[PDB]
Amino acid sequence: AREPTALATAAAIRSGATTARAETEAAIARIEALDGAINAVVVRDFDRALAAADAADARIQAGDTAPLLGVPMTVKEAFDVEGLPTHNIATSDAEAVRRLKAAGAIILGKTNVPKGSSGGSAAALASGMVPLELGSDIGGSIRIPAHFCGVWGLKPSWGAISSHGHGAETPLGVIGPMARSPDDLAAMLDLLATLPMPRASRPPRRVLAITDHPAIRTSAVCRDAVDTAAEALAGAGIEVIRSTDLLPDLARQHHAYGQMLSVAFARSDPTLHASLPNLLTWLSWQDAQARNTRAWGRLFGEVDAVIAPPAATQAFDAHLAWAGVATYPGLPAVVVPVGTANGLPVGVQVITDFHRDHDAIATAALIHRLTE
């Protein structure tokens, strides 16, 4: 019995089948079993978590309908949690953490940063330690650990979710959920989003499948996974196309991702301050980025999603190539497991139009049902 999802854990508690306190203790036991083996949870907060569970149950006794109430979960080390270090002890929750606690979740600890498989959120999830986790993703840190480990991840539309606590919003970067079921991604998006994202739905009718990218070779296995998902959609009465004149040049887009990424990964490297553009150049880049986003809007007038590889390889600045297709335009992107090959999980990334996040989740759910 693969472990219950976050909403099913929520349902279980609400329905009296279990208590928040039995759920957190069980999580802790699961962490204490594997942790000498995966070593994911680098920061523990079990004692306050156990009291959180007790607060959470009292709320259940007096009719609180918070949707994730009593569900144990974890977060990247890069998010501030009041009381825990962020290595530097933090005196208030990050915004996405304040929302998860408000919604009733219980933060057991924080996981690594993915210093290729992870030992992080993704590990914590595939291992079944907790059903819910929260990462970040500027160059794949959500979508590519999830590929590697066989879990789901949402990289939202840019600016959908405050990353205060993780301060202007940082261009390209986002924060997003990771979990083992599409339903959880949706519930979590719906908790985290600054404003309500479109339902926007209906099933897709035409999908675009890419397998190659001018900037890296892409492992046969990574291509195969797309081609599998393409066949499953084709065979369910959905038009699948391999190419369109509306697809923005991906080679140029990569370059632009490069340039922009530098700025960020260089603001904090004093020596390389003198390779920064002037201000007018910089603003030329944002105007360029917006032009790209509107080109992707033109593509999404023809197709309802785009399915691609999340990365070049399986597990074990051109491994960034497949992350940038969406991170640069700010498009929403979901990674969904579609099989195993050579002993190792194999996923696909689904991409939809700006602010069509739920549809991404929905279309990834469709792909997963039709292949598993």
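Just count from 1 along the sequence shown to find any residue number.
- Item | Interval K76-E77, deposited residues with no coordinates in the entry (none, 1 to 3, 4 to 9, 10 or more) | Missing residues, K76 to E77: none.
- Per the PDB record, is the mean Cα temperature factor higher over 270 to 278 or over 227 to 235? Higher mean C-alpha B-factor: 270 to 278.
- Item | Entry-level comparison of average CA B-factors, 333 to 341 and 35 to 43, reporting the higher stretch | Averaging CA B-factors over each stretch, the winner is 35 to 43.
- Quick one: which of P171, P182, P248, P177 shows the highest Cα temperature factor in the PDB entry? Within the set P171, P182, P248, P177, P171 shows the top C-alpha B-factor.
- Message: If I read the C-alpha B-factors straight from the PDB entry, which of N292, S127, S117, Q286 is highest?
- Response: Highest C-alpha B-factor among the listed options: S117.
- Item | Position of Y328 among the chain's modelled residues by C-alpha B-factor, lowest, middle or highest third | Its C-alpha B-factor belongs to the middle third of this chain's values.
- Cα B factor band for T24 (lowest, middle or highest third within the chain): Middle third.
- Message: Among the modelled residues of this chain, does the Cα B factor of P214 put it in the lowest, middle or highest third?
- Response: For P214, the deposited C-alpha B-factor lands in the highest third.
- Taking the chain's C-alpha temperature factors as the reference, tell me which third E302 falls into: lowest, middle or highest. Ranked within chain, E302 CA B lands in the highest tercile.
- Query: Taking the entry's C-alpha B-factors for this chain, is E82 in the lowest, middle or highest third?
  - Reply: Its C-alpha B-factor belongs to the highest third of this chain's values.
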